[PDB]
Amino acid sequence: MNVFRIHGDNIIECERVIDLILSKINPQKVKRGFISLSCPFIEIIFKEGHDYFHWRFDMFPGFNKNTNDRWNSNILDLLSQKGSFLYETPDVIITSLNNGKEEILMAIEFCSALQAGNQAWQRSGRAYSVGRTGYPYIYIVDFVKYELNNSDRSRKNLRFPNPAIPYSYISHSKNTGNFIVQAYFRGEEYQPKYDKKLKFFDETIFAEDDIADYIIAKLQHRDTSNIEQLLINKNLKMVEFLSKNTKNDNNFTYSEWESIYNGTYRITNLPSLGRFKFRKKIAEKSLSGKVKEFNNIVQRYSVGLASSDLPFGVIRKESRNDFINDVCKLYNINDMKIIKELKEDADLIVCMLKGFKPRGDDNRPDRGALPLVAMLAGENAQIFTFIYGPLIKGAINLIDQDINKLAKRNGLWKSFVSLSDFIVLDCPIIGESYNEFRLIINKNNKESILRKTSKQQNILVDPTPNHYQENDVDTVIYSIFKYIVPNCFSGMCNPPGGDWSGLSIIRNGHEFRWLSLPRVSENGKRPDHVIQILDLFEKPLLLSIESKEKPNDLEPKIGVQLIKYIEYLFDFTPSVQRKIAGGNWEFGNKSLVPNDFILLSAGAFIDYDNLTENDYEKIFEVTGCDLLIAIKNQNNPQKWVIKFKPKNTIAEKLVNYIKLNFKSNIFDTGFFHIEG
């Protein structure tokens, strides 16, 4: 037998890896259960002709945030031991268990989000940091999803990433010798017959089968060079699709990307560099100090890097002296030593970022801007980072005492301090009338950070955490309603730190799905789980569940708000629909009505038998929930004790159905004890 571990943000992320494996592997025998209270498992027996294989995948939902807050040891430390100095966390880490320790096989990130401008590089930090470790990095992104107007939930123009984003993964792969790739899965809203923007998209770009093949080959310890080349070719084909759809006068053409790809030129020595300039777009509301003046100086000497409006460009060594002179004149820089450092004879990449929102809170997308530059032109390139967003007084005080202290606590400052050779600030200060100008020669500091690795030591995560939280409530709820209770369906599942999944409803042999679910609802709140049961009542049951660590965490009227959220989505035509036999997704045509279903709400939480009959009555009064699911762990022997408390006779019929049908041929129901 071979044992693998799937460390994920939550149970849903872990299960997505299993679903990829299961899509290509047709197992003979499948067993599910728990190895510990927090860790579910899937044990499969499959064959490749005459060759049988026995694998077990132990899932570890919830990564550590500090060092030993959830698990006894952090699996992410194995990445920091190999050079991953950014605390960017992937969605999943797959490990192999050999000689009493774990060994990373790959890191996976799932992104459904709209690739709208800077959202495309928001998570480039994890690709950069994990990519420089030698462990493979796979970025799976849904192509395509539409943006909605929210006023009436109608569709707006499709959003595509800049061609340089998919390309950065290919260039980081070449520079490091590692496998870092962007893979595209067919989204439900990919409807080329209806949208002219997709007329020239090659459907061979989709990588569902190749991602499954790659994972299985890695698990089997086989040569993945061929699969890697197929995946790199699809990433290159996406660069072709995107670059051939943009105006060539301000963006790189496919011929330019191809010449960099085949090794004819490097991105900074392209013979055509300069045909377009770097022209950073700054909103009027973001302007302050001498920022507009600095931007004019950059546009006087810059050459465009990939796109004229990307937040970075190049100042060639031939123009560096004049650019530095102009910056010195603008900001009154007169120190001879500083000027000599700035005038080094090499090409300089200038990156201009706001960095901070009006309240001083850091911009999440900006954390990936320097990693994007480093992935395209190599981390060794000289980077001049200009910041103009508002700083909290505490941040500017740390900049003047120890910039590394600020980088230690904040991820945006960590991105800036790790990859910038020069850090220039022209920032407003919260509580002050005018801007602060700073020029930090960060060259030696950057060099030291690029060679930093944490203590070398083996890691084997103990399957029992420090304590059981909301993620464990979600794992238990997911296991019960998705694997144990029959004729069930998981339309919605949003555990702590989860993706924007969407809601699926099955009715009359069709599956209807709402995508791009907004968090803001006038009368409702998005449920953490929506379970559909069709063989209990004449009308299908939709059970909306909100999970918390404690019963007191259930907000007032949460039960009513969950129902109102479902009613809110029913007021709009589903985004997509498909037949259960056909399987081909189409745009939604017919509307769904709430009275065609029985809507119930439930609150799930951990309680160590501290709730009396009157306490349950008070929770029902506060929340308005139709059902309360009190969960408690028993340590000796390990078991999850479940107590179902119904408010009304409809919920009581559901409870009796769960009790009678708490039996499975796949899931080990022996790990649970249902009190009632």
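Start at 1 with the first residue shown and count on from there.
Look at the mean CA B-factor for 658-666 and for 6-14 in the entry; the higher one is 658-666. Higher mean CA temperature factor between 503-511 and 160-168: 503-511, per the PDB entry. Among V92, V144, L599, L412, the highest C-alpha B-factor in the deposited entry belongs to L599. For the set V461, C427, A120, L542, the PDB entry assigns the largest Cα B-factor to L542.
Sort the chain's modelled residues by C-alpha temperature factor and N435 lands in the middle third, per the entry. Annotation for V298: C-alpha temperature factor in the middle third relative to the rest of the modelled chain, per the entry. Per-chain ranking of the deposited C-alpha B factor places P27 in the middle third. Per the PDB record, residue ranking by Cα B-factor puts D609 in the highest third of the chain.
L562 sits in the highest third of its chain by CA B factor, as recorded in the PDB entry.
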